[PDB]
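[1] model this:
(3 chains)
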Amino acid sequence: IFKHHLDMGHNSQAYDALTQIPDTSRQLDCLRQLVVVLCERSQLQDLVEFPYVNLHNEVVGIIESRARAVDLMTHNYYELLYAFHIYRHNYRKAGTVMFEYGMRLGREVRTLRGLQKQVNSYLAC
Amino acid sequence: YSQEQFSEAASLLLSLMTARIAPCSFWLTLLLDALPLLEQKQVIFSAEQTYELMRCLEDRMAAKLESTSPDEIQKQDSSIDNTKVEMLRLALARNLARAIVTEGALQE
Amino acid sequence: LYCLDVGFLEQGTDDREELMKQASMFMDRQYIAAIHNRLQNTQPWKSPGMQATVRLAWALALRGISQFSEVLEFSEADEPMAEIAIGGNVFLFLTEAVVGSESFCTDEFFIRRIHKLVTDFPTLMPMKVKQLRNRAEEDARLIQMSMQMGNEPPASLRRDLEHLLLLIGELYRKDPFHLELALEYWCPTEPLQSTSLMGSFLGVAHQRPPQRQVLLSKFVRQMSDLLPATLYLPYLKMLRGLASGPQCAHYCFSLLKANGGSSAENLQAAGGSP
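    Numbering: from 1, shown residues only, chains lettered A, B, ... in the order given. Below is the structure:
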């Protein structure tokens, strides 16, 4: 039912189908499916405006793992967890995301685009 | 602004801050100017635009901290003004989340 | 050398097949077989240096041919040709006779041909690269134990990689044209930037050179961190060769900065660069 909700793009309806799911393991799996498909569909507002609760830690773990997993330029998951932190008033936590991603840029990248971005991240935190 | 050309407003403001205009008692007003741009409930500015905007915001912030004294501040206005600073940057960062989600969805 | 210059064959190339058809070596079915049989036969060689040269060159040619040939393919004689070539120290022969001659600076094409020969040698024989690396390391071990016991290194010494280091270092102090072919050995994946390097991808994310030069400069980057003391100096000839030119100098500066900092592998005279 959830995946069909995805197929015809009823995102709120998919969210409700997900909230229906009892098992936390399948909840995490379908959460990963949801995040991947929404990212590829450029449906970002969905991810934030989701009012998750008690699934916040599942989403946090998923997004941080994918941040470990993703390219810095072709993927924005650190910024997504950022905006999540804002959406949940997470001052210290959004700062942590920014400084961390600035460190990651300092490691991976030595380009001027990087330079702009490390400055952005350290400053933001 | 009174006729609501916010884009050129931002252009002029960015130009004048990167010009670093007006004395210390008036970079007060330079800082003060950003409030309606904060008040934007709908924006058309680029993510890079927001970048340089906030860049210069805290750039001038540190600069104002030091213009007062090279390691201190002594102006009577700063304290409560600093409070406004925190609330305004609060609103800023929330609108930054808003602008970035819009811009990312703008690529849809 | 130009006639044998077939450098497109190292990896699969889109133009490789038509280069094959308008190449004489393949339109003559008797070409490759004829030279292979003749070289494996016995011929006068007034200079073992050039004899080793020709054996090495035909071996690299057959090695390149084999990866995309099935009836003009030879890979059996390459190994003995290569062993004869390295044993005859073709490296020093070419270092002295050709490069030492200032008749060799007449055309840029000379430099180009030697440079692609240089890039050709390791990519085709990675097994030989590893074998010679280990053999140089064990040579260092033998010399170390001989000095410890107060004796001389056992038997004879083979220093072909030493010859290569000396040769290429010497090579890249000799160019009027400033071809910057050493910048190839400086991949732009290496973090380095200047007020002219914005046209490069070190101010913009990501750039990957061709596989052969990536392998070469990468093997260089690891040799920055693994060294036996017997090869310490010819490797330094690498260094002074590459030290020519401003941008290559900046790249080598970056590489030694990587070799800089606290470590345990640039602090050693064996297994790393002291």
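[2] Around the residue in chain A that chain C sits nearest to, how many other residues sit close by?
    Nearest to chain C, among the residues of chain A, is residue A:110, at 3.5 Å (CB to the nearest CB). No exception for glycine: its C-beta is placed from N, CA and C like everyone else's. The local packing of residue A:110 (other CB atoms under 10 Å in any protein chain shown) involves 18 other residues.
[3] From what I see, it and residue C:202 are in contact.
    Yes. Assessed by CB atoms under 8 Å, residue A:110 is found in contact with residue C:202 at 6.7 Å.
[4] what do those two both touch?
    When contacts are counted by CB atoms under 8 Å, 6 or more residues apart in numbering or on different chains, the set common to residue A:110 and residue C:202 consists of C:191-193.
[5] now the residue in the stretch 51-200 of chain C positioned nearest to chain A, what's its secondary structure?
    Shortest the stretch 51-200 of chain C-to-chain A distance, computed as CB to the nearest CB: residue-wise this is residue C:191, at 3.5 Å. Secondary structure, DSSP: H, G, I helix; E, B strand; the rest coil: residue C:191 is coil.
[6] circling back to that earlier point, quick check: chain neighbours aside, which residue is closest to the residue of chain A closest to chain C?
    residue C:191 (3.5 Å; CB to CB, 6 or more residues apart in numbering or on different chains).
[7] quick one, what contacts that neighbour?
    A:110, C:202, C:254.
[8] ok, now how distant is the last one from chain B?
    Look at residue C:254 and chain B: by CB to the nearest CB, to the nearest Å, they are 29 Å apart.
[9] give me every residue that touches that residue.
    C:190-192.
[10] which residues of chain B fall in helices?
    B:6-18, B:24-32, B:35-39, B:47-68, B:78-106 (DSSP state H).
[11] so which of these comes closest to residue C:90?
    Proximity to residue C:90 (CB to CB) singles out helix B:47-68 among the helices of chain B, at 57.1 Å.
[12] Just want the angle from the closest one to helix B:24-32.
    Using axes from the mean of the first three to the mean of the last three CA atoms, to 10 degrees, the inter-axis angle of helix B:47-68 relative to helix B:24-32 is 160 degrees.
[13] I'd like to check the angle between helix B:47-68 and helix B:6-18, please.
    Using the same axes, to 10 degrees: helix B:47-68 against helix B:6-18 is 40 degrees.
[14] Helix B:47-68 and chain C, any residue contact?
    No. Shown here: helix B:47-68 not in contact with chain C (CB under 8 Å from any CB of the partner chain), separated by at least 14.7 Å.
[15] helices or strands next to that helix in the packing?
    Judged by 3 or more CB pairs under 8 Å, 6 or more residues apart in numbering or on different chains; DSSP states H and E, the packing partners of helix B:47-68 are helix A:112-124, helix B:6-18, helix B:24-32, helix B:78-106.
[16] so what's the residue located most distally from the centre of chain A closest to, chain neighbours aside?
    Within chain A, the residue lying farthest from the chain centre (CA atoms, centre = their mean) is residue A:112, at 25.4 Å. Spatially, and ignoring its direct neighbours in sequence, residue A:112 is nearest to residue C:203 (4.1 Å; CB to CB, 6+ apart).
[17] What residues sit buried inside the host helix or strand of residue C:115?
    Using DSSP states H and E, the element containing residue C:115 is helix C:108-124. Within helix C:108-124, the residues that count as buried by 16 or more other CB atoms under 10 Å in any protein chain shown are C:110-124.
[18] hmm, back to that, would you mind telling me which of the helices and strands packed on helix B:47-68 is nearest residue A:11?
    helix B:78-106 (12.2 Å).
[19] what separates that closest one from the chain centre, distance-wise?
    Here helix B:78-106 is found 9 Å from its chain centre; the criterion is CA atoms, centre = their mean, to the nearest Å.
[20] do the same with stretch C:257-264
    That offset, for stretch C:257-264, works out to 26 Å (CA atoms, centre = their mean).
[21] Okay, now it: how far is its last residue from its first?
    Its start and end residues considered, stretch C:257-264 measures 15 Å (CA to CA, to the nearest Å).
[22] List the buried residues in that stretch.
    residue C:259.
[23] Which residues are in contact with residue C:92?
    Taking CB under 8 Å, 6+ apart, one finds C:49, C:163, C:166-167 in contact with residue C:92.
[24] now the helices for chain A?
    So, for chain A - with DSSP H - the helices run A:2-7, A:11-20, A:24-40, A:44-49, A:56-69, A:77-87, A:91-108, A:112-124.
[25] pretty sure residue C:121 contacts residue C:63?
    No. The pair residue C:121 and residue C:63 does not pass the contact test of CB under 8 Å, sitting 10.2 Å apart.
[26] Whatever residue of chain A ends up closest to chain B: neighbour count?
    Closest approach of chain A to chain B (CB to the nearest CB) occurs at residue A:42, with a separation of 3.6 Å. A count of neighbours around residue A:42, defined by other CB under 10 Å, yields 12.
[27] how about the residue nearest to it when sequence neighbours are not counted, what does it touch?
    Leaving aside its sequence neighbours, residue A:42 sits nearest to residue B:108 (CB to CB, 6+ apart; 3.6 Å). The contact partners of residue B:108, taken as CB under 8 Å, 6+ apart, are A:41-43.
[28] mind putting those in TSV, distance to residue B:55 included?
    Formatted as TSV, the contacts of residue B:108 follow (distance: CB to CB, whole Å):
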residue	distance to residue B:55
A:41	31
A:42	26
A:43	29
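[29] Which one of those residues is nearest to residue C:102?
    residue A:42 (63.1 Å).
[30] Please verify my assumption that that closest one contacts residue B:105.
    Yes. With contact defined as CB under 8 Å, residue A:42 counts as touching residue B:105 (6.2 Å).
[31] what about the closest residue to residue A:93 other than its chain neighbours, how many neighbours?
    Once flanking residues are discounted, residue A:93 sits nearest to residue A:85: 4.4 Å by CB to CB, 6+ apart. If you count neighbours by other CB under 10 Å, residue A:85 ends up with 21.
[32] Return the residues in contact with residue A:85.
    A:91, A:93-94, A:97.
[33] Pipe those residues into TSV and attach neighbour count per row.
    TSV is the format used below for the contacts of residue A:85 (neighbours: other CB atoms under 10 Å in any protein chain shown):
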residue	neighbour count
A:91	13
A:93	16
A:94	24
A:97	27
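[34] Okay then, goodbye and thanks.
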